[PDB]
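S.K.: Got run.cif for you, mmCIF, C-alpha atoms:
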```
data_query
loop_
_atom_site.label_atom_id
_atom_site.label_comp_id
_atom_site.auth_asym_id
_atom_site.auth_seq_id
_atom_site.Cartn_x
_atom_site.Cartn_y
_atom_site.Cartn_z
CA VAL A 1 -21.04 -4.13 79.99
CA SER A 2 -22.35 -1.96 82.80
CA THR A 3 -25.89 -2.72 84.01
CA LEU A 4 -28.27 0.10 83.11
CA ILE A 5 -29.57 2.65 85.60
CA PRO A 6 -33.46 2.58 85.06
CA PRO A 7 -33.96 0.44 88.26
CA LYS A 8 -32.36 3.18 90.41
CA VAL A 9 -35.18 5.63 89.73
CA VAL A 10 -38.59 4.87 91.21
CA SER A 11 -41.40 7.34 90.81
CA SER A 12 -43.64 5.14 88.72
CA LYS A 13 -44.22 2.29 91.16
CA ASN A 14 -44.61 4.78 94.00
CA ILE A 15 -47.15 7.01 92.27
CA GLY A 16 -47.94 4.39 89.66
CA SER A 17 -49.85 2.08 91.99
CA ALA A 18 -53.63 1.95 92.40
CA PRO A 19 -53.86 1.85 96.27
CA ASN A 20 -52.31 5.38 96.34
CA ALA A 21 -55.82 6.62 95.58
CA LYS A 22 -57.12 4.60 98.57
CA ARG A 23 -54.19 5.70 100.75
CA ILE A 24 -54.81 9.43 100.43
CA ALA A 25 -58.48 8.69 101.13
CA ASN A 26 -58.01 6.65 104.30
CA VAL A 27 -55.33 8.92 105.80
CA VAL A 28 -58.02 11.60 105.80
CA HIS A 29 -60.98 9.39 106.72
CA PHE A 30 -59.11 7.41 109.31
CA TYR A 31 -56.91 9.63 111.39
CA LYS A 32 -59.68 12.25 111.50
CA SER A 33 -62.35 10.04 112.99
CA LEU A 34 -63.05 10.29 116.70
CA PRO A 35 -62.84 6.67 117.95
CA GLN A 36 -65.92 7.14 120.13
CA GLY A 37 -68.93 9.47 120.00
CA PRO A 38 -70.76 11.82 122.42
CA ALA A 39 -74.08 10.12 123.36
CA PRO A 40 -76.65 8.20 121.20
CA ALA A 41 -79.96 9.50 122.55
CA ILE A 42 -80.19 12.89 124.17
CA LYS A 43 -82.73 14.76 122.04
CA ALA A 44 -85.48 16.37 124.12
CA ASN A 45 -83.36 16.54 127.30
CA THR A 46 -85.58 17.81 130.10
CA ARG A 47 -86.25 14.35 131.62
CA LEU A 48 -87.65 13.43 128.22
CA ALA A 49 -84.24 12.58 126.88
CA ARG A 50 -85.02 9.86 129.44
CA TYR A 51 -88.24 9.15 127.51
CA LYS A 52 -86.08 8.83 124.37
CA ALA A 53 -83.55 6.73 126.26
CA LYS A 54 -86.13 4.22 127.39
CA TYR A 55 -88.28 4.14 124.29
CA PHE A 56 -86.71 5.69 121.19
CA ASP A 57 -83.26 4.16 121.46
CA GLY A 58 -82.02 1.82 118.78
CA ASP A 59 -81.64 -0.60 121.69
CA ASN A 60 -85.35 -1.41 121.56
CA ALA A 61 -88.33 -1.41 119.25
CA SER A 62 -90.48 -2.16 122.33
CA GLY A 63 -94.11 -1.11 122.00
CA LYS A 64 -94.22 1.11 125.09
CA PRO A 65 -94.07 4.67 123.50
CA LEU A 66 -96.74 3.59 121.02
CA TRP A 67 -98.91 2.48 123.93
CA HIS A 68 -98.14 5.69 125.83
CA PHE A 69 -98.88 7.98 122.87
CA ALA A 70 -102.06 6.03 122.03
CA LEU A 71 -103.23 6.30 125.63
CA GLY A 72 -102.56 10.04 125.41
CA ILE A 73 -105.00 10.42 122.52
CA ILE A 74 -107.51 8.25 124.40
CA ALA A 75 -106.99 10.62 127.32
CA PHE A 76 -107.37 13.64 125.09
CA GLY A 77 -110.73 13.12 123.48
CA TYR A 78 -112.14 11.20 126.48
CA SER A 79 -111.44 14.13 128.83
CA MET A 80 -113.04 16.34 126.22
CA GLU A 81 -116.04 13.97 126.25
CA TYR A 82 -116.52 14.86 129.90
CA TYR A 83 -115.80 18.51 128.94
CA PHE A 84 -118.56 18.35 126.30
CA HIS A 85 -120.90 16.48 128.62
CA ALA E 1 -13.56 -14.10 91.19
CA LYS E 2 -16.62 -14.24 89.00
CA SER E 3 -18.79 -16.10 91.54
CA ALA E 4 -19.41 -13.13 93.87
CA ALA E 5 -20.36 -11.07 90.83
CA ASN E 6 -22.61 -13.81 89.40
CA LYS E 7 -24.50 -14.51 92.63
CA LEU E 8 -25.29 -10.82 92.81
CA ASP E 9 -26.09 -10.78 89.03
CA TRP E 10 -28.60 -13.64 88.93
CA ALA E 11 -30.14 -12.56 92.24
CA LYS E 12 -30.63 -9.16 90.63
CA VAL E 13 -32.22 -10.84 87.58
CA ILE E 14 -34.80 -12.42 89.90
CA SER E 15 -35.17 -8.96 91.51
CA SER E 16 -35.55 -7.41 88.03
CA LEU E 17 -38.65 -9.58 87.68
CA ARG E 18 -40.24 -7.40 90.38
CA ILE E 19 -40.00 -4.30 88.15
CA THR E 20 -40.27 -3.62 84.43
CA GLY E 21 -37.77 -1.36 82.74
CA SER E 22 -35.10 -4.05 82.79
CA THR E 23 -35.53 -4.04 79.00
CA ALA E 24 -31.82 -3.73 78.25
CA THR E 25 -30.55 -3.83 81.83
CA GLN E 26 -30.63 -7.63 81.58
CA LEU E 27 -28.94 -7.40 78.17
CA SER E 28 -26.10 -5.44 79.74
CA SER E 29 -25.90 -8.17 82.39
CA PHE E 30 -25.76 -10.85 79.67
CA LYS E 31 -22.89 -8.99 77.98
CA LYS E 32 -21.04 -8.79 81.29
CA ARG E 33 -21.51 -12.54 81.61
CA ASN E 34 -20.21 -13.11 78.07
CA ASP E 35 -16.94 -11.23 78.40
CA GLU E 36 -16.42 -12.65 81.92
CA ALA E 37 -16.76 -16.15 80.48
CA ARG E 38 -14.40 -15.10 77.66
CA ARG E 39 -11.55 -14.26 80.02
CA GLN E 40 -12.02 -17.59 81.77
CA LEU E 41 -11.52 -19.56 78.56
CA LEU E 42 -8.72 -17.12 77.70
CA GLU E 43 -6.93 -18.03 80.91
CA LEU E 44 -7.43 -21.69 80.04
CA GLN E 45 -6.04 -21.25 76.50
CA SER E 46 -2.68 -19.80 77.48
CA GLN E 47 0.67 -21.51 77.08
CA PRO E 48 3.81 -19.80 78.51
CA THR E 49 5.14 -17.51 75.76
CA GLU E 50 8.63 -18.98 75.44
CA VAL E 51 9.52 -22.20 73.69
CA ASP E 52 10.59 -25.17 75.77
CA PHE E 53 14.17 -24.80 74.62
CA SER E 54 14.98 -27.62 76.98
CA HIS E 55 13.59 -30.25 74.68
CA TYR E 56 12.80 -28.40 71.51
#
```
What would the structure in this file look like if it were written as structure tokens?
M.R.:
Amino acid sequence: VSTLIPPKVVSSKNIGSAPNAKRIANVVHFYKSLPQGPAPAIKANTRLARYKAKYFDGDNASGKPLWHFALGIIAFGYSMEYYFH
Amino acid sequence: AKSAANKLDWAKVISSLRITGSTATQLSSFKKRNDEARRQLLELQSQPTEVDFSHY
């Protein structure tokens, strides 16, 4: 006798699958993400975004700003030594 | 013939694997196989209706 009609309705393998939850997530997350960004280091732009670019990028952990800032404090109280002299 | 029907039937059984809800769909298919096989033995059983009034 005639083969039954349950297989001709699908709406329980289309909404009844687990990656649907991931699908609706990653259509929003990925589709709505700019493939590229603006600029990594730019804070303090006044030729001191350049200071950030040379020293406070994630492209270096080089000791130069530390040295520079340290030397600043040496310059601060030392000048004041000759101001207090 | 039955063989077109049966290739599509058994192919559909192996498709029915890839879903669940074929609970009595396959049983309908088995019934279709049964009665199809019944007509084939029916056709083999037959003798021409009339007596062989030549010999008999």
S.K.: Tell me, in Å to one decimal, how far CA of residue 35 in chain E is from CA of residue 5 in chain E.
M.R.: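 A separation of 12.9 Å between them.
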S.K.: Would you write out, as number ranges by chain, every residue that the PyMOL selection byres ((chain E) within 9 of (chain A)) captures in this file?
M.R.: E: 16, 19-22, 24-33, 35
S.K.: Separation of CA of residue 68 in chain A and CA of residue 51 in chain A, in Å?
M.R.: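 A separation of 10.6 Å between them.
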S.K.: Just the number, please: distance in Å from CA of residue 72 in chain A to CA of residue 56 in chain A, one decimal.
M.R.: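 Interatomic distance here is 17.0 Å.
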S.K.: Taking the partial coordinates given, rebuild range 42-75 of chain A to contain N, CA and C atoms; return it as a PDB file, in the coordinates of the input.
M.R.:
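That gives us out.pdb:
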```pdb
ATOM      1  N   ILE A  42     -80.396  11.757 123.315  1.00  0.00           N
ATOM      2  CA  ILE A  42     -80.190  12.890 124.170  1.00  0.00           C
ATOM      3  C   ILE A  42     -81.128  13.980 123.719  1.00  0.00           C
ATOM      4  N   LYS A  43     -81.787  13.799 122.549  1.00  0.00           N
ATOM      5  CA  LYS A  43     -82.730  14.760 122.040  1.00  0.00           C
ATOM      6  C   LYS A  43     -83.946  14.792 122.926  1.00  0.00           C
ATOM      7  N   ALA A  44     -84.345  16.030 123.306  1.00  0.00           N
ATOM      8  CA  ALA A  44     -85.480  16.370 124.120  1.00  0.00           C
ATOM      9  C   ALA A  44     -85.122  16.317 125.579  1.00  0.00           C
ATOM     10  N   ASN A  45     -83.848  16.621 125.942  1.00  0.00           N
ATOM     11  CA  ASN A  45     -83.360  16.540 127.300  1.00  0.00           C
ATOM     12  C   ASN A  45     -84.036  17.560 128.173  1.00  0.00           C
ATOM     13  N   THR A  46     -84.860  17.051 129.109  1.00  0.00           N
ATOM     14  CA  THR A  46     -85.580  17.810 130.100  1.00  0.00           C
ATOM     15  C   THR A  46     -86.321  16.741 130.875  1.00  0.00           C
ATOM     16  N   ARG A  47     -85.710  15.529 130.970  1.00  0.00           N
ATOM     17  CA  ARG A  47     -86.250  14.350 131.620  1.00  0.00           C
ATOM     18  C   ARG A  47     -87.175  13.681 130.635  1.00  0.00           C
ATOM     19  N   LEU A  48     -86.920  13.940 129.338  1.00  0.00           N
ATOM     20  CA  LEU A  48     -87.650  13.430 128.220  1.00  0.00           C
ATOM     21  C   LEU A  48     -86.620  13.028 127.214  1.00  0.00           C
ATOM     22  N   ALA A  49     -85.322  13.292 127.521  1.00  0.00           N
ATOM     23  CA  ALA A  49     -84.240  12.580 126.880  1.00  0.00           C
ATOM     24  C   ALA A  49     -84.252  11.211 127.490  1.00  0.00           C
ATOM     25  N   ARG A  50     -84.770  11.100 128.743  1.00  0.00           N
ATOM     26  CA  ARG A  50     -85.020   9.860 129.440  1.00  0.00           C
ATOM     27  C   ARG A  50     -86.120   9.072 128.788  1.00  0.00           C
ATOM     28  N   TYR A  51     -87.157   9.762 128.257  1.00  0.00           N
ATOM     29  CA  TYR A  51     -88.240   9.150 127.510  1.00  0.00           C
ATOM     30  C   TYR A  51     -87.679   8.518 126.254  1.00  0.00           C
ATOM     31  N   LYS A  52     -86.768   9.246 125.567  1.00  0.00           N
ATOM     32  CA  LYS A  52     -86.080   8.830 124.370  1.00  0.00           C
ATOM     33  C   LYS A  52     -85.161   7.686 124.672  1.00  0.00           C
ATOM     34  N   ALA A  53     -84.508   7.721 125.847  1.00  0.00           N
ATOM     35  CA  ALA A  53     -83.550   6.730 126.260  1.00  0.00           C
ATOM     36  C   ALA A  53     -84.215   5.415 126.539  1.00  0.00           C
ATOM     37  N   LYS A  54     -85.449   5.439 127.081  1.00  0.00           N
ATOM     38  CA  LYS A  54     -86.130   4.220 127.390  1.00  0.00           C
ATOM     39  C   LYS A  54     -86.863   3.681 126.201  1.00  0.00           C
ATOM     40  N   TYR A  55     -87.301   4.558 125.267  1.00  0.00           N
ATOM     41  CA  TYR A  55     -88.280   4.140 124.290  1.00  0.00           C
ATOM     42  C   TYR A  55     -87.820   4.278 122.877  1.00  0.00           C
ATOM     43  N   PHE A  56     -87.016   5.311 122.557  1.00  0.00           N
ATOM     44  CA  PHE A  56     -86.710   5.690 121.190  1.00  0.00           C
ATOM     45  C   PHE A  56     -85.235   5.543 120.973  1.00  0.00           C
ATOM     46  N   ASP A  57     -84.600   4.616 121.732  1.00  0.00           N
ATOM     47  CA  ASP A  57     -83.260   4.160 121.460  1.00  0.00           C
ATOM     48  C   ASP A  57     -83.361   3.112 120.410  1.00  0.00           C
ATOM     49  N   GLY A  58     -82.216   2.882 119.728  1.00  0.00           N
ATOM     50  CA  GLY A  58     -82.020   1.820 118.780  1.00  0.00           C
ATOM     51  C   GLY A  58     -81.679   0.556 119.507  1.00  0.00           C
ATOM     52  N   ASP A  59     -81.934   0.515 120.834  1.00  0.00           N
ATOM     53  CA  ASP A  59     -81.640  -0.600 121.690  1.00  0.00           C
ATOM     54  C   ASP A  59     -82.934  -1.340 121.901  1.00  0.00           C
ATOM     55  N   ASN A  60     -84.062  -0.799 121.376  1.00  0.00           N
ATOM     56  CA  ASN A  60     -85.350  -1.410 121.560  1.00  0.00           C
ATOM     57  C   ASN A  60     -86.224  -0.924 120.439  1.00  0.00           C
ATOM     58  N   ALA A  61     -87.215  -1.768 120.080  1.00  0.00           N
ATOM     59  CA  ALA A  61     -88.330  -1.410 119.250  1.00  0.00           C
ATOM     60  C   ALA A  61     -89.566  -1.733 120.040  1.00  0.00           C
ATOM     61  N   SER A  62     -89.432  -1.809 121.394  1.00  0.00           N
ATOM     62  CA  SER A  62     -90.480  -2.160 122.330  1.00  0.00           C
ATOM     63  C   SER A  62     -91.642  -1.221 122.213  1.00  0.00           C
ATOM     64  N   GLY A  63     -92.870  -1.763 122.372  1.00  0.00           N
ATOM     65  CA  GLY A  63     -94.110  -1.110 122.000  1.00  0.00           C
ATOM     66  C   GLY A  63     -94.574  -0.054 122.954  1.00  0.00           C
ATOM     67  N   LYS A  64     -93.863   0.147 124.079  1.00  0.00           N
ATOM     68  CA  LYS A  64     -94.220   1.110 125.090  1.00  0.00           C
ATOM     69  C   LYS A  64     -94.460   2.558 124.690  1.00  0.00           C
ATOM     70  N   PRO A  65     -93.720   3.308 123.855  1.00  0.00           N
ATOM     71  CA  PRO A  65     -94.070   4.670 123.500  1.00  0.00           C
ATOM     72  C   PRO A  65     -95.331   4.737 122.689  1.00  0.00           C
ATOM     73  N   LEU A  66     -95.544   3.753 121.791  1.00  0.00           N
ATOM     74  CA  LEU A  66     -96.740   3.590 121.020  1.00  0.00           C
ATOM     75  C   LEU A  66     -97.948   3.498 121.901  1.00  0.00           C
ATOM     76  N   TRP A  67     -97.900   2.604 122.919  1.00  0.00           N
ATOM     77  CA  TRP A  67     -98.910   2.480 123.930  1.00  0.00           C
ATOM     78  C   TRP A  67     -99.155   3.774 124.657  1.00  0.00           C
ATOM     79  N   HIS A  68     -98.073   4.436 125.115  1.00  0.00           N
ATOM     80  CA  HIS A  68     -98.140   5.690 125.830  1.00  0.00           C
ATOM     81  C   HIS A  68     -98.771   6.788 125.027  1.00  0.00           C
ATOM     82  N   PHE A  69     -98.371   6.946 123.740  1.00  0.00           N
ATOM     83  CA  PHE A  69     -98.880   7.980 122.870  1.00  0.00           C
ATOM     84  C   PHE A  69    -100.327   7.732 122.515  1.00  0.00           C
ATOM     85  N   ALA A  70    -100.700   6.444 122.318  1.00  0.00           N
ATOM     86  CA  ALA A  70    -102.060   6.030 122.030  1.00  0.00           C
ATOM     87  C   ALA A  70    -102.982   6.374 123.159  1.00  0.00           C
ATOM     88  N   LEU A  71    -102.522   6.088 124.401  1.00  0.00           N
ATOM     89  CA  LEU A  71    -103.230   6.300 125.630  1.00  0.00           C
ATOM     90  C   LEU A  71    -103.421   7.765 125.876  1.00  0.00           C
ATOM     91  N   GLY A  72    -102.484   8.597 125.364  1.00  0.00           N
ATOM     92  CA  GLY A  72    -102.560  10.040 125.410  1.00  0.00           C
ATOM     93  C   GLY A  72    -103.707  10.576 124.622  1.00  0.00           C
ATOM     94  N   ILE A  73    -103.939  10.014 123.413  1.00  0.00           N
ATOM     95  CA  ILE A  73    -105.000  10.420 122.520  1.00  0.00           C
ATOM     96  C   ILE A  73    -106.329   9.939 123.045  1.00  0.00           C
ATOM     97  N   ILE A  74    -106.347   8.759 123.711  1.00  0.00           N
ATOM     98  CA  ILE A  74    -107.510   8.250 124.400  1.00  0.00           C
ATOM     99  C   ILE A  74    -107.861   9.167 125.536  1.00  0.00           C
ATOM    100  N   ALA A  75    -106.836   9.723 126.213  1.00  0.00           N
ATOM    101  CA  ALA A  75    -106.990  10.620 127.320  1.00  0.00           C
ATOM    102  C   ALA A  75    -107.424  11.975 126.867  1.00  0.00           C
TER     103      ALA A  75
END
```
